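Chemist: Provided hereafter are the protein sequence and its experimental coordinates.
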Amino acid sequence: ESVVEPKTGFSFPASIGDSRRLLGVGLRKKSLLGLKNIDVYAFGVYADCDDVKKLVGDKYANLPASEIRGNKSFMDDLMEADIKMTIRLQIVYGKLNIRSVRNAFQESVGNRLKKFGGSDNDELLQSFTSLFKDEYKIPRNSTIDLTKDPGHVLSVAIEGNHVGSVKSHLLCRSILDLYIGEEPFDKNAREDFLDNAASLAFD
Ligand SMILES: CCCCCCCCCCCC(=O)O
Ligand SMILES: CCCCCCCCCCCC(=O)O
Ligand SMILES: [K+]
């Protein structure tokens, strides 16, 4: 059964393709001046069950969920492992403009690329940006699917239409870090993701 993000009311399927399970749902906000804040989009983080089970079975053999979750290394082990994942975004804010959005993800993704990769990923960041070169609008209720395909290949689909891919371990890691890393857009979503990822191997 679908999972509804309460604040926005947006719904996310419990799974995608029977193999990719929804583990966490959150909101990406934009902090404005003072007490002003805007909910930009809701997101759902999915992970392939078999891939997660293999990681746990290999690095956390015979350990209970609580002990797996209790390991400070768990989060980084998941992100670095070859685990197929999907980040589904559903636009909440209705007055976004393409220029503003491009500058926003260039900054967020850019911040992460320099954090994890060579001090010169401009071309890498540009290959990502180019995926949205044909988009002129980004209205409320639009759905974007960012997927980590085998071999750390980042694929993007907008409104159900595949728009391109970029094979880069660095890019995959950077983007995922925004949602499930040390400094995520939504801490509650990250905690749920880690809690459920830890439990997923025992289903
Ligand atoms: C899909 C990428 C979402 C990131 C875009 C965030 C940009 C914030 C919008 C600015 C809010 C405002 O209109 O004052
Ligand atoms: C016109 C389509 C624009 C969609 C851009 C999707 C980019 C995903 C990364 C967003 C990270 C962030 O929230 O800053
Ligand atoms: K604020």
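Modeler: Alright, I've got the coordinates. Residues are numbered from 1 along each chain as shown. Ligands and ions are numbered 1, 2, ... in the order given.
Chemist: which secondary structure elements does the helix ranked longest in the chain contact?
Modeler: When the chain is parsed with DSSP state H, its longest helix is helix 98-116. On a contact count with 3 or more C-beta pairs under 8 Å, 6 or more residues apart in numbering; DSSP states H and E, helix 98-116 meets helix 122-129, helix 169-180. In short, each C-beta sits where N, CA and C put it, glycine included.
Chemist: Is the helix or strand just after the longest one in proximity to ligand 2?
Modeler: Secondary structure here is assigned by DSSP states H and E; on that basis, the next helix or strand after helix 169-180 toward the C-terminus is helix 187-200. No - using C-beta under 6 Å from any ligand atom, helix 187-200 stays clear of ligand 2, with a minimum separation of 12.7 Å.
Chemist: can you give me the offset of helix 187-200 from its chain's centre?
Modeler: Helix 187-200 has its C-alpha centroid displaced from the chain centroid by 13 Å (C-alpha atoms, centre = their mean, to the nearest Å).
Chemist: ok and that helix relative to helix 169-180, angle-wise?
Modeler: Helix 187-200 runs at 110 degrees relative to helix 169-180, counting by axes from the mean of the first three to the mean of the last three C-alpha atoms, to 10 degrees.
Chemist: In terms of helices and strands, where is the residue of the chain most remote from its centre?
Modeler: Ranked by distance from the centre of the chain (C-alpha atoms, centre = their mean), the top residue is residue 62, with 28.5 Å. Take DSSP H and E as the rule and residue 62 turns out to sit in neither a helix nor a strand.
Chemist: and the closest residue to residue 117 other than its chain neighbours, how far is that from residue 108?
Modeler: With C-beta to C-beta, 6 or more residues apart in numbering as the criterion, residue 117 has its nearest non-adjacent residue at 4.5 Å, and that residue is residue 170. Counting by C-beta to C-beta, to the nearest Å, the gap from residue 170 to residue 108 is 15 Å.
Chemist: Then residue 115?
Modeler: For residue 115, the distance to residue 108 equals 11 Å [C-beta to C-beta].
Chemist: cool, and residue 139?
Modeler: Using C-beta to C-beta, residue 139 is found at 21 Å from residue 108.
Chemist: Looking at those two, which is more packed in?
Modeler: residue 108 (16 against 10; other C-beta atoms under 10 Å).
Chemist: tell me the contacts of the more buried one?
Modeler: Applying C-beta atoms under 8 Å, 6 or more residues apart in numbering to residue 108 gives the contacts residue 178.
Chemist: Report how many residues lie close to residue 188.
Modeler: Counted with other C-beta under 10 Å, residue 188 comes out at 12.
Chemist: same check, this time on residue 171
Modeler: With neighbours defined by other C-beta under 10 Å, the count for residue 171 comes to 24.
Chemist: same question, the one 5 residues further on
Modeler: Look at residue 176: counted by other C-beta under 10 Å, it has 21 neighbours.
Chemist: got it, and the one 3 residues further on?
Modeler: Residue 179 has 23 neighbours, counted by other C-beta under 10 Å.
Chemist: how close does it get to residue 18?
Modeler: 23 Å.
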